[PDB]
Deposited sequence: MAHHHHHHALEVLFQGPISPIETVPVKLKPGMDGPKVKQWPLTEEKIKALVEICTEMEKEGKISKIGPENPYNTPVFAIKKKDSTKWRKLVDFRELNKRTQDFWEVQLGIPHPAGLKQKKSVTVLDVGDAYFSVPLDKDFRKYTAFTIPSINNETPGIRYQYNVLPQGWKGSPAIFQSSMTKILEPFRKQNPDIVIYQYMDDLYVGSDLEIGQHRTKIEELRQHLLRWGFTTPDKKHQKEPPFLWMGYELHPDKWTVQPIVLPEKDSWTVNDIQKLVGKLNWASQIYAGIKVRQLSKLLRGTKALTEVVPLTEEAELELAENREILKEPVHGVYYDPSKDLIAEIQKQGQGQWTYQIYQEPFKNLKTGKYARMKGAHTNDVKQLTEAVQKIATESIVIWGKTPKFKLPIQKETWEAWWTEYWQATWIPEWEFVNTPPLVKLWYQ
């Protein structure tokens, strides 16, 4: 078959990103995986005269118990030409977030039956390290549509439609969405009933070449205010600064008649009685925050942003937005790991969960603002990653002024 001509964006060069260190077991797996891929002509040994590189690592799903090679093509995807520009992109269906259950299938291997523009292959190089630098790195590049490259779903688009038409034909109320190497397949069938056409969809796929999500319990978590019999100056100061923040989000929240209960230079522990007109202000403000904000709509032409705060005892709050203070979703992630002993694992799992929700809902992952030092994240995150995609992220140091989201 014929390559599809592919280009970088104008005036950009290919990725040049250093390989990071890997454990013994990940290097062994990469050497087993790449050796076999070399033999099947999917990749080719290259040398140092190719000046491009992209980091490679491996993930092992606990249920699968087998390694999965993951090449971090984030840099390459940013520099690759848009395909919605050429109109080869994958439409998002609004029905997916409606379904009772959604299973994720890794279908990256179907990409390996389509060859890649020979002029583009050099941009796909990667380098396997060696323990104690016993040897120089070993380098490959792809001859086929790579896993993890945003061009592969787009180029393979015409084909997976043909592969899936009978299944969709036969199951009109199951909805299937392709995102990168993944198929998101949702339905309303009973919990163990849904699983079985999952397994049938598999056989139709294994006849050319995660764990059940449940969206209708992706509860939103709004801003709430404490309820008490008696209120300190400090309580009312904390209450006033929290509502003042929230008036950047909601309309007509007012502080004038809680703020003057604090007229005077008063002790933080003095108990100030609530006036009739402060009780009014507060129960009023309590419901403006009761239901969602009026005037906030998704824009597919703009990026999604996600913020997370650590709250403690295994809880993590998050907000997804595109314009500041216009949240499309606010949530609370709760760790179920067990011991409650690992912040980095909890955050890594929270990022996968949030990103998965954005895929199901809007069809793309958000750029994360992560509440962690860069070097703490980079020491550990790959040990807990289980997705075939990797979102954009950046690192922030923002103390809480208010505890808005508790």
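- Walk along the deposited sequence from position 1 and note every stretch that has no C-alpha coordinates. No C-alpha coordinates exist for 1-20, 230-246, 444.
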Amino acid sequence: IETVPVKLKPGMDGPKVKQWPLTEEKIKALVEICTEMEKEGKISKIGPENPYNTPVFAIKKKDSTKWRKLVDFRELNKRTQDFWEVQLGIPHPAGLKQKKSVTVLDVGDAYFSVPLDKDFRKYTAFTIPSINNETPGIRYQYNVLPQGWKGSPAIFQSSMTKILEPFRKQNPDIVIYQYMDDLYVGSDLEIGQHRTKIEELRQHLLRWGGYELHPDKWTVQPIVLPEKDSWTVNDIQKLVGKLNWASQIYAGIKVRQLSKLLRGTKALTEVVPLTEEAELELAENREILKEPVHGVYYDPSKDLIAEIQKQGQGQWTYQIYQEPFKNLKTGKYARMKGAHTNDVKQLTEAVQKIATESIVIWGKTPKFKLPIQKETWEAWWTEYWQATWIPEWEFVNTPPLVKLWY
From here on, numbers count along this sequence of modelled residues.
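We call the rigid core whatever largest set of C-alpha positions still superposes within 1.5 Å between the two forms.
- Message: Rigid core superposition, C-alpha RMS per stretch in 8 other deposited structures of this protein: which comes out larger, 374-382 or 339-347?
- Response: Once the cores are fitted, 339-347 deviates more in 8 other deposited structures of this protein.
- Taking the root mean square of C-alpha distances over all structures and residues in 8 other deposited structures of this protein, with a rigid core superposition, name the larger of 329-337 and 315-323. Of 329-337 and 315-323, the stretch deviating more in 8 other deposited structures of this protein is 329-337.
- Averaged over C-alpha atoms, is the B-factor higher for 188-196 or for 237-245 in this PDB entry? Mean CA B-factor is higher for 188-196.
- Query: Between 322-330 and 129-137, which has the higher average C-alpha B-factor in the PDB entry?
  - Reply: Looking at the record's C-alpha B-factors, the answer is 322-330.
- Residue with maximal Cα B-factor (values as given in the PDB entry) among 178, 113, 301, 171: Each of 178, 113, 301, 171 was compared by C-alpha B-factor; the highest is 171.
- For the listed residues 206, 71, 104, 308, which one has the largest C-alpha B-factor as given in the deposited model? Highest C-alpha B-factor among the listed options: 206.
- Query: In terms of the CA temperature factor given in the entry, to which third of its chain does residue 108 belong: lowest, middle or highest?
  - Reply: Middle third, going by the recorded CA B-factors of the chain.
- Hey, what third does residue 38 fall into on Cα B-factor, ranked over its chain? Its C-alpha B-factor belongs to the middle third of this chain's values.
- Task: Ordered by C-alpha B-factor within the chain, which third holds residue 349? Give me lowest, middle or highest, please.
- Result: Ranked within chain, residue 349 CA B lands in the lowest tercile.
- What third of its chain, lowest, middle or highest, does the C-alpha temperature factor of residue 76 fall into? Answer is lowest: the recorded C-alpha B-factor places it there.
- Message: Quick check for you: using the entry's CA B-factors within this chain, is residue 60 in the lowest, middle or highest third?
- Response: Its C-alpha B-factor belongs to the middle third of this chain's values.
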